[PDB]
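Positions 499 to 504, 508 to 527, 535 to 542, 549 to 580, 588 to 610, 614 to 666, 684 to 782 (the deposited numbering) are the ones given, in order, by the sequence shown.
Notes follow once the structure below has been shown.
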Amino acid sequence: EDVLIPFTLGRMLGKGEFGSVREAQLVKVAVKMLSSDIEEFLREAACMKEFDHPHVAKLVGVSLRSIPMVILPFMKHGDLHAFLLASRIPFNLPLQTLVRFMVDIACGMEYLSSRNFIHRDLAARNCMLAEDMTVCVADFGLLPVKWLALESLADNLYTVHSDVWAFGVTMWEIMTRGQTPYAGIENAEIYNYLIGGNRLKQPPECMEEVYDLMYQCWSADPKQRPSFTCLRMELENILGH
Ligand SMILES: O=C(c1cc2cc(F)ccc2[nH]1)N1C[C@]2(CCN([C@@H]3CCCNC3)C2)c2ccccc21
């Protein structure tokens, strides 16, 4: 398949548990550094290559070094979490801009779920800012306890409904401008917090109707959480008002 790529590596862009990222010249790109495991990587790489949507990060391709590598378009504006943080610690964005980020993410997630694709790691840090400042869902997954639904934590179940829960957490991050969810509560106590009936609190300035929507995303019953289509409609209406 025209997905595999035989470029040269450049400056280090960042690193983490997932591995490291560096720029490369193919066109400037971002390159993600990571038997059986290397097998399905390639398998799922092929399905991700056919994503084609304005609010989903394109896959340029994949490659092999001697570690699996993911080749991505270089997005200079970086990720949404870093941007929200950079507003706070200082630019100011109207409510309109914050709700528009949510609409953008809801469109890309609507598209992914329409293709039966479960992200599993939706969070502000995994949303990228494009040149025109639109947001694109990224990092599809070729532990993040604070974004995980009850049934993901308890039963390891990942569905569109658990993607929707993490979308709700992402809405909260947007409204708090990049604050760590459940700050001062440890990962090991998150489940206990949640089956308690406790949720992330309404941010001080947050429009009630925006909080009502994100709150819906954290229903204990996965079937009670709105769809991405319903999220996008409600967010677009809010944006129009
Ligand atoms: O274009 C860049 C990029 C990196 C980068 C680094 C910079 F310092 C400045 C601009 C940048 N642009 N990247 C970075 C990632 C790969 C790893 N991801 C991190 C993983 C860890 C969690 N956050 C997300 C985001 C990405 C996905 C899709 C399309 C492009 C890009």
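Ideal Cβ placement from N, Cα and C applies to all residues, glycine included.
- Residue side-chain check: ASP663 places its Cβ nearer than 8 Å to a non-hydrogen atom of ligand 1.
- Closest by C-alpha distance to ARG523, out of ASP500, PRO594, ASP566, is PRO594.
- Relative to ligand 1, the beta carbon of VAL576 is positioned no closer than 8 Å to any heavy atom.
- Across the set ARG740, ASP628, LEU542, the C-alpha of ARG740 shows the shortest separation from the C-alpha of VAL710.
- Of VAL623, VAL576, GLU554, the smallest CA-CA separation from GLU714 is found for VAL623.
- Under the three-state reduction of DSSP output, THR509 falls in the strand class.
- Spatial neighbours of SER638 in its own chain (CB-CB distance under 7 Å, excluding positions within 5 residues in sequence) are not present.
- In this structure, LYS563 has its CB at a distance of at least 8 Å from all heavy atoms of ligand 1.
- Residue environment analysis places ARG557 among the exposed positions, since fewer than 16 neighbouring C-beta atoms fall within 10 angstroms of its C-beta.
- In the DSSP annotation of this structure, the continuous segment of the alpha helix (DSSP H) that includes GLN620 starts and ends at 619-638.
- Closest in alpha carbon position to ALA603, among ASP551, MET513, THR721, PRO618, is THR721.
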